[PDB]
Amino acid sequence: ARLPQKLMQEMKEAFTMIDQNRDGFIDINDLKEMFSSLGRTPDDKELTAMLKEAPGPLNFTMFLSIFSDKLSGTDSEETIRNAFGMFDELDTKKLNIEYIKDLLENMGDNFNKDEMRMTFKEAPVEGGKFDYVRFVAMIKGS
């Protein structure tokens, strides 16, 4: 079941950018380099620990093994927005809070009480309206 090609191309692109060496491996220097280009740079123990998650040297094939299962069934921001849009006929770009709660908890692959809690703790909701466009940005970002 997967993973789609586009996802492969993305991962390869990601791997390619992090490997500042063009070495074909990501090591601790590549990681420090990348993090420092983005903002705060985690301490060397955080970095080494990230690298430890890989059985061996961080080839692209090792990189794949680290990401594949966790990224397996994820979809683009666009796809997810349109998923939400299918419950938003008038294209208000919002969903009644009660409605998305009912869908998520009582239908499909029902969310349990903990899934519900973590889903909505920080969700953008106001005047009983769930901002799914903003929600989609959030689950893709940070």
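Heads up: residue numbers just count along the shown sequence, starting at 1.
- For the two regions 43-51 and 24-32, the entry's Cα B-factors average higher over 43-51.
- Checked against the record, the higher mean CA B factor of 90-98 and 34-42 lies with 34-42.
- The deposited CA B-factor of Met118 belongs to the middle third of values across its chain.
- Per the deposited record, the Cα B-factor of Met11 falls in the highest third when ranked against the other modelled residues of its chain.
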